[PDB]
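One structure below.
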Amino acid sequence: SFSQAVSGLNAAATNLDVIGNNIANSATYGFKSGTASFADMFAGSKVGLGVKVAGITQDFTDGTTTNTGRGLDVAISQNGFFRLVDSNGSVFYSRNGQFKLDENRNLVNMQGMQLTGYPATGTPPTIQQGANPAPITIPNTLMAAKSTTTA
Amino acid sequence: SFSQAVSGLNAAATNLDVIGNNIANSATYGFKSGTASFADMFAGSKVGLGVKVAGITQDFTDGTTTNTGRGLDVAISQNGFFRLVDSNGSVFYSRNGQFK
Amino acid sequence: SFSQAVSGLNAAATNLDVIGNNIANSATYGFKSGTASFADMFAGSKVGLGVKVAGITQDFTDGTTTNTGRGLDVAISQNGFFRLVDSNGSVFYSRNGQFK
Amino acid sequence: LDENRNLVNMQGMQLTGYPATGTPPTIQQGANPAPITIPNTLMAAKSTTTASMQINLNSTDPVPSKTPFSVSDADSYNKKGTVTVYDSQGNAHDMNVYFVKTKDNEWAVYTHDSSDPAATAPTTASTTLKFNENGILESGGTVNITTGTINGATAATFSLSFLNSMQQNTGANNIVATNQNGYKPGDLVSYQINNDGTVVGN
Amino acid sequence: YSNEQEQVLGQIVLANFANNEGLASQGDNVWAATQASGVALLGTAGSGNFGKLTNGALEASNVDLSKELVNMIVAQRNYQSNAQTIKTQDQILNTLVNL
Amino acid sequence: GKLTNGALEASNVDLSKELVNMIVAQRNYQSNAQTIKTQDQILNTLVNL
Amino acid sequence: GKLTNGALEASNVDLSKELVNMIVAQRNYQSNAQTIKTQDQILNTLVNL
């Protein structure tokens, strides 16, 4: 007859776990605190059989912007995320602004994700919004000389 | 269990330690301030696992060029590093402009 | 939490820094007075979040015109800037007239 | 929200509510309740049909010296304004309405199309407004004004109302009330629920 | 460059989903799309429902220490409160088995 | 960059900035400890029970 | 590697990491004590019939 009683402990532990997770990840810039969501159960006849967990919901509301300087860091103030790719080619989403250039000269975060964007093609170079996203790189090569045509 | 908390506790200590060093390193000539960056974890379930330090990051802005008046003293102005080698022969790069 | 208070702390420290820099630069021959400008934050809620630094604004009033007697030196009377190019490239703009 | 933009609780149980129908959609109190959805489809252009504008007039304004009506002459008329109206394709048509005084307490109104230079500048008076002794208008406020056709877009016809007009000396002419019932096509931005229970989307 | 010329190498693409709360965090502070979340719905940071960015700025952790500390005390008491039910169920069954 | 002669780099740290980060990190530390206090407390009640 | 005169190497122990590990170890030690008590009572009933 412990089924309803023990179910509360698991929910209480899970609720305590989420609270611990939120405070453990303090000061993390790309962090989004979650929240517990419970649900009762009734399978018999007018006797509560315990509790359930419906999943943790994060708080998507934006935080406070901070001025850290640099140039490889951007912030988002409302709806909109970033799109990132890995070595295999999977698509990941995050709101971390921390970026760096590796020896391959790619826009990469601290973990190894390649920032993606619309490639700039054409002469003169321009950004087309109808192209498939491509990793954004900064080559060391110099641009070729331009023949004057319009003055 | 402790996993949701103790790791963060450790993280907290690191967040303090990186500050203390900066407090101690407030008199060195070639120092660069450092902070920490963290990241959460997720198991198969949708419950967090804690937090681990993603890594120590360092700032690379330029400090004030204090004038001392010694002949063999030089200070960089933008992106750049002096290059040094040891007795063994390893390569190192720095910005401390103290020479003898 | 601390966000509002620490943001105000940082803004006040920045303004004090600007004032100190203005005091220090009271002798350079091409300086322009700098001032700070701030703004507050407001998220989806109704309570305030703190203050940023909207930016640093330079003053572009023309100062006095000292007469030193040298020949290789000039001073601009109104809008206009000397255009200079160092070493590799880049086009910098200045107003100081001390010419080597 | 669900995968297909449906309001739903945490357990996958679809929410219910009042179905919304009409142009513009409204709430039917007697209609059969149906699941509430928030589609992201964009609304098309809405044609301009009803417009209103109230203008305050001055009783000590002298008659213009240059009697013939001119569009590029300042004193040829008294008041000029920009009336923003939209066609069936959402294009912005700004109408230049000109006020000119011919005799005591009588005004002649002109209509001009600014977004379409191909239109002819107005020279003859469109309609006449006659204010009574006390300055309260009695009739003649409904005038039909048509837009110009550009880039294969059908002309827009709307009825302009000069209702609730006064003539007492207010010093100088000023604009306080201007509105149109036609708006350009737009896209969904954000949605919220009011305390009355309806769902309103920006 | 040194030739007084401006060039573009790309733009930052933004993806807003038709349904939030469907992004399962994986590994580091990143989120992976799946069903019950919609398509990526790429776009630019200028127009659409995608907001403006700000270079040289970073978002905070959007957490409140005061809210978590007080919820910590409430969570502990609830966790101890259920333990009383187990203890009561233990004693109530011990008397029956031993008659 | 240019190499100024007779000059040395600064410490690149401004004490006013870390003197408050230290305080907020501390308060975070006792918050954690209260968690871990609660974790010890919780486990304590269950084990003695 | 290189050496350095007039200096010594520390003990490379952090009390921050040990204290939290000591708490965890104690509970683990407390916990297993329950199993002995549980196994003791579960056998006491059987012998007493």
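FYI, it's all coordinate maths here, none of it is from the lab. We place every Cβ from the backbone using ideal geometry, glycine too, and count neighbours over all the protein chains shown.
Return the distance in nm (one decimal) between the two label points of a simple spin-label model at E:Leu9 and D:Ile38, each offset 7 Å from Cα along Cα→Cβ.
Placing both labels 7 Å beyond Cα along the Cβ direction yields 3.8 nm.
Using a basic spin-label model with each label point 7 Å from the Cα along Cα→Cβ, how many nm lie between B:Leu72 and C:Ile76?
4.4 nm
What span do the alpha-carbon atoms of chain A cover on each of the three principal axes, reported in whole Å from largest to smallest?
Answer, in whole Å and largest first: 87, 32, 29 Å.
Please compute, for peptide A:94-107, the average count of beta-carbon atoms on other protein chains lying within 10 Å of each residue's beta-carbon.
Details: counts 7, 5, 8, 7, 6, 0, 1, 0, 0, 0, 0, 0, 0, 3.
The mean count of partner-chain Cβ atoms within 10 Å per residue comes to 3.
How big is the dipole moment of the stretch B:6-100 about its Cα centre under a simple scheme where the beta carbon of each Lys and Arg is +1, that of each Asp and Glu is -1, and everything else is neutral? Debye, nearest 20, please.
With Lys and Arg at +1 and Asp and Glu at -1, about 100 debye.
Compute the distribution of all C-alpha to C-alpha distances in the protein assembly as shown, in bins of 20 Å from 0, and list the percent of pairs in each, rounded to whole numbers.
For the protein assembly as shown, the pair-distance distribution reads 11, 30, 32, 20, 6, 1, 0.
List the trypsin sites (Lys or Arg not before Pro) in the stretch A:85-151 that DSSP assigns to loop (not H, G, I, E or B) and whose Cβ has at most 15 other Cβ atoms within 10 Å. Which are they?
Working: sites: A:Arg95, A:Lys100, A:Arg105, A:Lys146; in loops: A:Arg95, A:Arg105, A:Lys146.
Here the sparse-neighbourhood loop sites are A:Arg105, A:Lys146.
Which whole number gives the average count of other chain Cβ atoms within 10 Å of the Cβ atoms across peptide A:80-88?
Taking the mean over all residues of the peptide, I get 5.
How many times 2.2 N^0.38 Å is the alpha carbon radius of gyration of the stretch A:1-70?
1.58
With r as the distance between the Cβ atoms of C:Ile19 and F:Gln30 and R0 = 45 Å, compute the FRET efficiency 1/(1 + (r/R0)^6) and round to 0.05.
About 0.80, to the nearest 0.05.
Which pairs break 25 Å Cα to Cα here: A:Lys32/B:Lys52; D:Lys80/D:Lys103; C:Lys32/C:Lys100; A:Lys32/B:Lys32? Could the numbers behind the result be given before it?
Values: A:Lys32/B:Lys52 15 Å; D:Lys80/D:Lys103 19 Å; C:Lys32/C:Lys100 22 Å; A:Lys32/B:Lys32 30 Å.
The pairs that break the limit, which is 25 Å between Cα atoms, are A:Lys32/B:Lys32.
Determine the principal axes of the Cα atoms in the stretch D:143-202, then give the extent along each, sorted from largest to smallest and rounded to whole angstroms.
Result, largest extent first: 46, 40, 18 Å.
Would you mind giving the average projected area, over all directions, of the Cα convex hull of chain B in nm² with one decimal?
Numbers: hull surface 40.4 nm².
Approximately 10.1 nm², given one-decimal rounding.
Can you tally the net charge around F:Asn12? Count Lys and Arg as +1, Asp and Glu as -1, for every other residue whose Cβ sits under 9 Å from the Cβ of F:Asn12.
Every neighbour counted, the sum reads -3.
At 0.36 nm per residue, and after removing the present C-alpha to C-alpha distance, how many nm does the segment from D:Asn202 to D:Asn169 gain when stretched out fully?
The span from D:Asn202 to D:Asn169 would gain 7.8 nm if fully extended.
Working from Cα positions, state the angle (0 to 90°, nearest 10) between the long axis of helix E:65-97 and the longest principal axis of chain E.
30 degrees
At 7 Å along the Cα-to-beta-carbon direction for both G:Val13 and A:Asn88, put a label point, then send me their distance in nm to one decimal.
According to this spin-label approximation, the distance is 4.4 nm.
For every helix of n ≥ 4 consecutive DSSP H residues, a contribution of -39,500 (n - 2.57) applies; sum these over chain B, divide by its total residues, and give [θ] at 222 nm rounded to the nearest 500 deg cm²/dmol.
Mean residue ellipticity, 222 nm, calculated: -7500 deg cm²/dmol.
How high is the FRET efficiency from A:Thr126 to A:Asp102, r the C-beta distance, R0 45 Å, rounded to 0.05?
The computed FRET efficiency comes out at 0.95.
Going by amide H atoms built from the backbone, whose H comes under 5 Å of the H on D:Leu129, apart from near neighbours?
Amide H to amide H, under 5 Å and 5 or more residues apart or across chains, D:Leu129 pairs with D:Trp107, D:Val109.
Which percent of the Cα-Cα distances in chain E go past 19 Å?
Tail of the P(r) past 19 Å holds 73 percent of the pairs.
So how tilted is helix B:3-24 from the main axis of chain B? Cα-based, degrees 0 to 90, rounded to 10.
With both axes taken from Cα atoms, the answer is about 20 degrees.
Could you work out the pair-distance distribution P(r) of the stretch D:74-201 from its alpha-carbon pairs, with 5 angstrom bin width and percents rounded to whole numbers?
Pair shares across the bins are 2, 8, 16, 19, 16, 12, 10, 7, 6, 3, 1, 0.
Quick one: if the Förster radius is 35 Å, what FRET efficiency do A:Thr137 and D:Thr16 give, using the C-beta to C-beta distance and rounding to 0.05?
It comes to 0.10.
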